[PDB]
Amino acid sequence: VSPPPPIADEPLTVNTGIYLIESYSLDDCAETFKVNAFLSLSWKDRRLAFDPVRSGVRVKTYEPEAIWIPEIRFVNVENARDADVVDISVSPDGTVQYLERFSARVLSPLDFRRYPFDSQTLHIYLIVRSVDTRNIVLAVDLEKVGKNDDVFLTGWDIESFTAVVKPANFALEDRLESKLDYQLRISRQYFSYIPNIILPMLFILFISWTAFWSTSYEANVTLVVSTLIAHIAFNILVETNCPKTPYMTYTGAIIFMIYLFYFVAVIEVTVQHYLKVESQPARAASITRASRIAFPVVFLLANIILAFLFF
Amino acid sequence: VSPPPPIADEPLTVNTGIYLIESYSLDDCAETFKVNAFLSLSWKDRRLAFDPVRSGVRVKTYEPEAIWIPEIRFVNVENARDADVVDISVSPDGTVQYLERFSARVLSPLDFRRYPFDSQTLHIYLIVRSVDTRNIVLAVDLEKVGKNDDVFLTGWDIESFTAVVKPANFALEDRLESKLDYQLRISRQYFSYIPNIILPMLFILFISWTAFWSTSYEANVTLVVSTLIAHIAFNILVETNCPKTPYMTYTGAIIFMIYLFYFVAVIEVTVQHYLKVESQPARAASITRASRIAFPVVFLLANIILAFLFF
Amino acid sequence: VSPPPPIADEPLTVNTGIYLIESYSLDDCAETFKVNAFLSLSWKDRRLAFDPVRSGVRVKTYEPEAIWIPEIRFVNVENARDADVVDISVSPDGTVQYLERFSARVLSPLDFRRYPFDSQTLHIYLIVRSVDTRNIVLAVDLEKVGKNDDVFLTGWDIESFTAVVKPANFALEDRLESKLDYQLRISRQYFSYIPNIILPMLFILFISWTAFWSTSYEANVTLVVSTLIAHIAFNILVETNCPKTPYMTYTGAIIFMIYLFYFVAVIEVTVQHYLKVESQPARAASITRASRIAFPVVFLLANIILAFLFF
Amino acid sequence: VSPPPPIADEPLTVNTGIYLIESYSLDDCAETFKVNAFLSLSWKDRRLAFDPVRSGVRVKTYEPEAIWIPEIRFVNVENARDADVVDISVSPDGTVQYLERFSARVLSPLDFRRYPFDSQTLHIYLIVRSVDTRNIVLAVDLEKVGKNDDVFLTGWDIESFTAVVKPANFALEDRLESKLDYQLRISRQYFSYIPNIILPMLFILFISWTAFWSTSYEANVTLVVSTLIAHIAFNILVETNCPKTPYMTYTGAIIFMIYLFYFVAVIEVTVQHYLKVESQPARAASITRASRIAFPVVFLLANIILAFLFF
Amino acid sequence: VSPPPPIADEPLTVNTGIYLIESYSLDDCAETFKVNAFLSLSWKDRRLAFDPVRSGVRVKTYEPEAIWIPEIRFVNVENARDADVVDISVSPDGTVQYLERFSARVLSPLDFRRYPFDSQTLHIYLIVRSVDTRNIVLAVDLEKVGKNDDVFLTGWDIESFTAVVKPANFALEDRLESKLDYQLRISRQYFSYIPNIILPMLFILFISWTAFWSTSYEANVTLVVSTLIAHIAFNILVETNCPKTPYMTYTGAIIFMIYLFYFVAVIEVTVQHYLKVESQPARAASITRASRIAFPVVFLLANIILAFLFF
Ligand SMILES: CCC1(CCBr)C(=O)NC(=O)NC1=O
Ligand SMILES: [Cl-]
Ligand SMILES: [Cl-]
Ligand SMILES: [Cl-]
Ligand SMILES: [Cl-]
Ligand SMILES: [Cl-]
């Protein structure tokens, strides 16, 4: 119950491996995801080395309390993982093979700028703090890094589960810390968004544009203002459940643009009626006739500019 | 507290069994359900063998700490089950009969394509990782697999609770994994859905069609747009509380179809009034008269096509 | 420790008793309630019997670990109760007086058919599984079954806390199980419903009926459709927070009836205007005049039929 | 680890004290509040008495496991408090001074009848169960009862933290129990309720009264019904998030009164138009003219009557 | 397991240091934030001092149970922190280098008066209570006080993590308490508020002002009342999820001002129409013409006055 002694000066290499069993509860708003996986750890301790000819065992199994085990922690977790040691095996040369099954709520930030067409990289940071007698450094056993085929996140396409092999070694509170990066690449399943959000939101906007084929100010006010209410009501219905994002998103820009179009269409309706009442029906009619083409064209162009700037 | 030694290299057979006591909290959105049940386990540990004559007892009872117990875990669980060992009984041959009462939040995916007429198969995967000394394989004791008659999920008809007897044995991180599939088949109780969701949503749509028995553009705009508001408001009220499904559902298709019908009815109302104002009341009136038949017929037809494509 | 040995063939009788300290968190939607109470247990274990003269003590206190204690569990709980043993006392004849203070989330179904005029019976099922050496049977002492006077559930009148004295002994997985039914009878405090939900809901409906004292189709469309919106908006405001009930409720029937009345009133308004425009103002006016009496009378009758069928 | 012995058949007096460190999470709907405080306990155990001369120390410090400590529990708590023993000190006469720092979610009912002008008394009930060897009685060390000056509840003025010195001793499950009442008096500081809820809710109602200065039935229907929608919509926005209170509140009475006024104003608008259309414009105009004074006067008076009946 | 005996009058100095690893879950409404960090503690216990020649070791490692460790607690936490001792190291002179990794939900009040342009100072109060034998005083080494570069709070700019070096030593329950103030300075990311909340809410208000370029009372009622509905609906959509603040905020003042403007615009519309109908179209037209300038000018001025009073 002291770290293994160094054969030559060099630090202890703790070989790691994460194997995803289950991925669930991806909360976009909280920027957290819950994960259930295996953590494999391999290190050599020659104090645990033995001759198989005299000892007469394949490998010696130990209790966690019995031997020295490195303290591997996660950087980006809410609280410490719920871990359960599955097996500890010691080969004759002193190579300890540790395996545990853990569940953790991982805090990983998400970029919503290209939502719902976005893709994300979920991070899991492994960390080990070096001891007095010797430095501890992390490594990746690529054979022991993977994911269950059945691993699923509803609404996401799980691309890959890989690790950045070279650790980030640095000093923290007068000790060396070796940090590893396990990445889960996911891409969103944006299909339903079109018939479910895009298309009914666009219909409401189009209904407001019928005020360009009418001269009735009462019918026109009822058209643009009632559709503005239906727009807001629709947005309450299809609300992300996510408190507003501090940065400007593609989706956010378009919604802003739609509120601007409701305001501009009211201006038009207001102008047209005032010109008609102010004995100028030539200007009133030409503005209305222009708007019939102007409104959809400006909308289509501004939308293309936005789609281009974001993607 | 090491696995029982093999006589002739044979793997240890752990006879399982799950008996549902309570099933509750089925969260459609989270694709999770909470379960309270019995887990029965039986295996032979000859190290515990005794002679009932010298012992004076025909069976021996042990504390979990006292003997070796296989590490049975569930694959699709949020965290490890809250288990409480009920009884451990050893017969003279050294056959252990283990029983525990556990509670677990099981992650099982759900297909909402045929909602609310859907049926689901809930899975519970039992798993055991083999040891260095010997391999461990799972088995189903069919006499120990069942459910309490009083087991209920509000709004579901619990068809059956069975297990796929042949385990899925496979290699993972250089060891054998014997996995079992326990299945809970449930079918939805969709009656209340007709008077609560379907009919009041259909009435609102029908109200919009009264604009085909009017020539008043002000009354017509008020009809189609106010009903569209009422539709959205109704949907906010009867909202599933489920963030939108990534795939297209039967329900989703119909709602989309309804939003399209609100838009088409506005087009009609817009066309009719423009023709009237453009000195063509013959065409205006014939379009309106056609819509009176067209709208319900196309709706009934498109609905049958949708019902066919989904079921 | 193993169970106490019997002279009398009859199994071991464990005298139970539950005393409610606090009742809180009654979730109508989840059909769960949280409870904090005392669990009293009594049984004779002659192995513990002593001579108070030679022992020098009239009563002996033991640690739960020290003696044999029956495994009492609850059938309808989310997870096993958080229990804390308060006292264990042994009398010279070997009688054990066990007492613990527990907290549990109890799953008890609720029938909303007569909501908000309903009354409910909350169940707590005590269970004990028989050992191999001897069978174990539960008993109630209704002196030991009670509740704190200050026990409260907001919006409910806590009638009684009692137990069904005859236990339900039955075989499960080749062993006997003696089950007790503890019942908490509660009745709803429905006063607030009239001034909060029922009267404002009736007012909106009556507003729609003023369309029978008008000939203005624009004012009439605005009356029936705007009130339908206000009805839905009201229902969003006074929403039960309960996902729709799979069965037909009294409340559910009436709400359905109200949506039907909104649709029928639109039909009337539509018919009246079409007859007027189709040079038939005699029929139009007689339909409107009839509706003035028909609508409230049919509403009052249909409501009485519903109230009768449900109560 | 047995209770201290009585010299002359006296019960053990446990001197208590609670010192509020933090008060937070007051949930009006759940009728719970979370508290972080110090619990001080003092009692005389002569088995711990010593001669400071021979001992060399004026005070002795012990580990909780080392000595006998009374089991103090809380009556109205969700689960048992998270406690941590800060210090245990023994003086030469054997007077024990125990101190712990605990956090608890206390269930204390709230009376909303005078909301938002209400004041509440939060209770914390201390309890001790007497033991076989001797009876245990609670006492208040008033020197050890207080609160941190920085203790705050957002939207409340924390008046006082005091205890009812005379304990409530009584029998429970054949043992005497001593109960103490700690009271936290709070008064609601919700000044912003006037500009945030009261004034916008009144403006909406006043807008409906403008239909008494109009003869246009279409404009009037649009005024009273649209404002009724805006009223409901406003109430959805400023919703307490508290499921309806079973009893009639001051706030509840006024909201009811407002819904009645919307209905009465519709009746007026309906009557006025019907009289006008039924060739009686003298009565129609006199009713409208009356309403202009009647409506605000009846509102102001009924409001005063309500304010008087509740306060 | 007694405090170390000093020769010097001065109390024991415990050098503290907090290092933020993760900051998450900042709940504006609850005025709480969750934190994951390192707690470093340094003190000298001469009883631990050793000859490293005789000992053979330059540093000694101890288990928390093995040695005396000061009881460091947090003042403003929900429950005591979930701590995990990372390392304990002793040098030949008796210096203890303690390090733990803790997670805590910190209660820190927030001032919303200047929201969404606000900045906040989050507090973490460290505290140590002095023992019988000697007083214990806290110290800050600002070298050890830091934060991970990757520490983030969505929508906030984390300015600095620091500590007020001079501890607040005071008497509590006849003992000394040394308290340290750790501060996290954050400033809000208000950009998205302009296009998401400010601008669309203004557009709706402006739409209501078009009622100053119309004489149609039906169109005007529809304008002012429908926009008031859209305003409320918008506020439901962009709702903070925060129950109203007991104090008057900048945002709160403006929203109140907007509701006043909706009411004043209704008064105008009502006055205009009544003057027109009361054969005075000169006054009606001059009031309308004035409002066109008055309304935006009064709005712009009142807004500047509010912005000045709050900032
Ligand atoms: C008040 C009635 C309603 C729909 C209610 Br959400 C409205 O708000 N505005 C309108 O212009 N028309 C309407 O029908
Ligand atoms: Cl961890
Ligand atoms: Cl498990
Ligand atoms: Cl239980
Ligand atoms: Cl407690
Ligand atoms: Cl703490």
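Residues numbered from 1 in each chain as written, not as in the entry; some residues may be left out. Chains lettered and ligands numbered in written order. Heavy atoms only, no water. Residues with missing side-chain atoms left out of burial classes, pairs and counts.

> Provide a residue-level description of the overall build of chain A, including the pertinent values.
Check the secondary structure of chain A and you find 5 helices and 11 strands. Since a compact globule built from 311 residues should have a radius of gyration of about 19 Å, the 31 Å found for chain A marks it as more spread out than a globular shape. Taking the principal axes of its C-alpha atoms as reference, chain A extends roughly 110 × 40 × 25 Å. Total accessible area on chain A is roughly 13,400 Å²; 58% of this is exposed by carbon and sulfur atoms. Distance between charge centres in chain A, computed from 27 positive and 34 negative side chains, equals 4 Å. (Helix = DSSP H or I, 4+ residues; strand = E, 2+ residues; numbered from the N terminus. Rg over C-alpha atoms; globule rule 2.2 N^0.38 Å. Areas by Shrake-Rupley, 256 points an atom, 1.4 Å probe, with all protein chains shown as cover. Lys, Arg positive; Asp, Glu negative; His and termini not counted. Charge placed at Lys NZ, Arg CZ, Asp CG, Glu CD.)

> How would you sum up the sheet that holds strand 5 (residues 72-74) of chain C? Please name residues and give values.
Residue and element names in this part refer to chain C. The sheet built from 4 strands is open, its strands ordered 5-8-12-11 with antiparallel pairing. Either end of the sheet is taken by a strand with one partner, and the two such strands are strand 5 and strand 11 (156-172). Mean inter-strand twist for the sheet, computed between neighbouring axes without regard to direction, equals 25°. Across 13 bridges, the pairing between strand 11 and strand 12 (residues 175-188) is antiparallel. Counted as the bridge partner of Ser 160 is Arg 185 from strand 12. (Pairing = 2+ DSSP bridges. Axes fitted to C-alpha atoms, helices over the stretch in contact; angles between N-to-C directions.)

> Mind laying out the interface of chain C and chain D, listing which residues take part and the relevant values?
A common way to express how large an interface is: the accessible area buried when the components associate. Contact residues are listed per partner, giving 54 residues for chain C and 41 residues for chain D. A buried area of about 4,200 Å², summed over both sides, lies between chain C and chain D, and 66% of it is on carbon and sulfur atoms. On the chain C side of the contact with chain D, C:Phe203, C:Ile207 and C:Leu237 bury the most area, a combined 15% of that side's loss. Applying the counting criterion to the chain C and chain D interface returns 1 salt bridge. One can count 11 residue pairs in polar contact joining chain C with chain D. Of all elements in the fold, only strand 2 (18-27), strand 3 (32-44), strand 6 (82-91), strand 7 (95-107), helix 2 (193-208) and helix 3 (217-237) of chain C reach the threshold of two or more residues within the side of chain C that touches chain D. (Contact = heavy atoms within 4.5 Å. Buried area = accessible area lost by both parts, 1.4 Å probe. Salt bridge = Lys/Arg side-chain N within 4 Å of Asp/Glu carboxyl O. Polar contact = N/O pair within 3.5 Å; in protein donor to acceptor, adjacent residues only side chain to side chain.)

> An account of the packing of helix 2 (residues 193-208) of chain A against helix 4 (residues 250-277) of chain B is needed here, citing residue identities and associated values.
Two elements in contact, helix 2 of chain A and helix 4 of chain B, have axes whose closest approach is 10 Å; the angle formed by their N-to-C orientations is 10°. Of the possible angle classes, the one that applies to helix 2 of chain A and helix 4 of chain B is roughly parallel. Here A:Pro195, A:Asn196, A:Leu199, A:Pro200, A:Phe203, A:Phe206 and A:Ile207 of helix 2 of chain A lie close against helix 4 of chain B, whose contacting residues are B:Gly252, B:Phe256, B:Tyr259, B:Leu260, B:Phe263 and B:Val266. Considering only residue class, the contact of helix 2 of chain A with helix 4 of chain B consists of 11 nonpolar, 2 polar and no charged. (Parallel < 35°, antiparallel > 145°, perpendicular 65-115°, else oblique. Nonpolar A, V, L, I, M, F, W, Y, C, P; charged D, E, K, R; others polar.)

> Requested: an account of the relation of the copies chain E and chain D, with residues and values cited.
Overlaying chain E on chain D yields an RMSD of 0.6 Å, the required transformation being a rotation through 75° with an accompanying axial translation of 0.1 Å. These values place the two chain copies in the arrangement generated by a five-fold rotation axis. The overlap is low: 9% of the interface residues of chain E also sit at the interface in chain D, so different surfaces are used on the two sides. (Least-squares fit on C-alpha atoms.)

> I'd like a rundown of the pairing of strand 11 (residues 175-188) of chain D, residues and numbers included.
Residues and elements named next belong to chain D. Across the 14 residues of strand 11, 12 count as buried, placing the element largely inside the fold. Alignment of strand 7 (residues 119-129) against strand 11, held across 11 bridges, turns out to be antiparallel. Bridging from a neighbouring strand, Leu 122 pairs with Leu 184 of strand 11. Taking the residues between adjacent antiparallel strands as the criterion, strand 10 (residues 156-172) and strand 11 are bridged by 2 residues, where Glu 173 takes a positive phi near 50°. (Buried < 20%, exposed > 50% of the residue type's maximum accessible area, 1.4 Å probe, protein only.)

> Any chance you could break down the sheet that holds strand 4 (residues 72-74) of chain A for me, citing the residues and the numbers?
Residues and elements named next belong to chain A. Read from one edge of the open sheet, 4 strands run 4-7-11-10, paired in antiparallel fashion. Each end of this open sheet is capped by a strand with a single partner; those strands are strand 4 and strand 10 (156-172). Each strand of the sheet is rotated relative to its neighbour by a mean of 25°, with strand direction disregarded. Pairing analysis gives 3 bridges linking strand 4 to strand 7 (residues 119-129), with the strands arranged antiparallel. Opposite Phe 74, over in strand 7, you have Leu 126 as the bridge partner.

> I'd like a rundown of the packing of aromatic side chains, residues and numbers included.
Residue and element names in this part refer to chain A. Under the definition given, this model contains 106 aromatic pairs over all chains. For the pair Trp 43 and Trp 68, a centre-to-centre distance of 6.1 Å together with 85° between the ring planes defines the contact as edge-to-face. Within this pair, whereas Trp 43 is found in strand 2 (residues 32-44), its partner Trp 68 is found in the loop between strand 3 (60-61) and strand 4, the two being separated by 25 residues in sequence. Under the relative-accessibility criterion, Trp 43 is labelled buried at 2%. (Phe/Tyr/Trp six-rings, centres within 6.5 Å; stacked < 30°, edge-to-face > 60°.)

> Could you give me a rundown of the site of ligand 1, with the residues and numbers involved?
Every residue near ligand 1 is listed here: A:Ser226, A:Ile229, B:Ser226, B:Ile229, C:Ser226, C:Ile229, D:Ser226, D:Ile229, E:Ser226 and E:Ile229. Neighbouring residues of ligand 1 are not confined to one chain but are distributed across chains A, B, C, D and E. Within the side chain of A:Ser226, one N or O atom sits 3.0 Å away from an oxygen atom of ligand 1. Burial of ligand 1 by the surrounding chains reaches 87%, relative to a free accessible area of 370 Å². Contributing elements (two or more residues each) for the shell around ligand 1: helix 3 (217-237) of chain A, helix 3 (217-237) of chain B, helix 3 of chain C, helix 3 (217-237) of chain D together with helix 3 (217-237) of chain E. Counted by class, the shell around ligand 1 contains 5 nonpolar, 5 polar and no charged residues. (Near = heavy atom within 4 Å.)

> Break down the packing of helix 4 (residues 250-277) of chain E against helix 5 (residues 281-310) of chain E for me, citing the residues and quoting the values.
Residues and elements named next belong to chain E. Viewed as axis vectors pointing N to C, helix 4 and helix 5 meet at an angle of 175°, and their least axial separation amounts to 10 Å. With respect to helix 5, the element helix 4 is oriented roughly antiparallel. For the contact of helix 4 with helix 5, the class distribution of residues is 20 nonpolar, 4 polar and 3 charged.

> Can you break down a nonpolar patch on the surface residue by residue, with the values?
All names here are of chain A. On the surface, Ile 293, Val 297, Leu 300, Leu 301, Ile 304, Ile 305, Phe 308 and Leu 309 cluster together to form a nonpolar patch covering roughly 860 Å² of accessible area. Structurally, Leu 300 can be placed in helix 5 (residues 281-310). Overall, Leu 300 belongs to the exposed group, its relative accessible area being 52%. (Patch = residues over 30% accessible without salt bridge, like charges linked within 9 Å, V, L, I, M, F, W, Y side chains within 5 Å.)

> Break down the interface of chain E and chain D for me, with residues and values.
Between chain E and chain D, the residue contacts involve 44 residues of the former and 57 residues of the latter. Counting the surface chain E buries against chain D, the share from its top three residues, E:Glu173, E:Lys244 and E:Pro246, is 15%. Viewed at the interface, chain D and chain E are joined by 1 salt bridge. In this structure, the salt-bridge partner of E:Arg175 is D:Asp87, at a minimum N-O distance of 3.7 Å. Mapped by element, the contributors of at least two residues to the side of chain E that touches chain D are strand 4 (72-74), strand 7 (119-129), strand 11 (175-188), helix 3 and helix 4 of chain E.

> Go over the relation of the copies chain C and chain D, please, and point to the residues and values.
Rotating chain C by 69° and translating it 0.1 Å along the rotation axis places it on chain D, where the RMSD comes to 0.6 Å. A different interface surface on each copy is seen, since only 7% of the contact residues of chain C are contact residues in chain D too.

> Talk me through the pattern of salt bridges; I want residue IDs and the actual numbers.
Scanning all chains against the criterion turns up 57 salt bridges over all chains. D:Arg175 is the partner of D:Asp132 in a salt bridge, and the nearest nitrogen-oxygen pair spans 2.7 Å. On the criterion of sequence distance, the pair formed by D:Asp132 in the loop between strand 7 and strand 8 (136-140) and D:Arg175 in strand 11 is long-range, its members being 43 residues apart. Residue D:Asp132 is classed as partly exposed on the basis of its relative accessible area of 36%. It is possible to trace a salt-bridge network through shared partners that takes in A:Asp28, A:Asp118 and A:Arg188.

> An account of the state of the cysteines is needed here, citing residue identities and associated values.
All names here are of chain D. Counted according to the given criterion, the structure contains 5 disulfides over all chains. Covalent S-S linkage joins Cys 29 and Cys 242, the inter-sulfur distance amounting to 2.1 Å. The S-S bond linking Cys 29 to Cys 242 shows a torsion near -105°; that makes this disulfide left-handed. Of this pair, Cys 29 sits in the loop between strand 1 (12-27) and strand 2 (32-44) while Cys 242 sits in the loop between helix 3 and helix 4 (250-277), placing them 213 residues apart in sequence. The exposure class assigned to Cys 29 is partly exposed, which follows from its relative accessible area of 31%. The class of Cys 242 is partly exposed, set by a relative accessible area of 26%. (Disulfide = S-S within 2.5 Å.)

> Which residues make up a negative patch on the surface, and what are the values?
Judged by side-chain charge, B:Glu63, B:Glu65, B:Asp82, B:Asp84, C:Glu71 and C:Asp82 come together as a negatively charged surface patch. On the secondary structure map, B:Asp84 appears in strand 6 (residues 82-90).

> Now, about the domain arrangement of chain A: what can you tell me, with residues and values included?
All names here are of chain A. One can read the domain layout of chain A as domain 1 (1-192) and domain 2 (193-311). If you average the C-alpha positions of domain 1 and of domain 2, the two centres end up 52 Å apart. On the side of domain 2, 16 residues touch domain 1, which itself brings 13 residues to the contact. Between domain 1 and domain 2, roughly 1,300 Å² of surface is buried when both sides are summed, and carbon and sulfur atoms account for 63% of that area. Considering only the surface of domain 1 that becomes buried against domain 2, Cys 29, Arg 113 and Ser 192 emerge as the three largest contributors, covering 42% of it. The tally of links between domain 1 and domain 2 comes to 0 salt bridges. Joining domain 1 to domain 2, the criterion identifies 12 residue pairs in polar contact. The class makeup of the residues in the side of domain 1 that touches domain 2 is 8 nonpolar, 1 polar and 4 charged. (Domains from an automatic or database assignment.)

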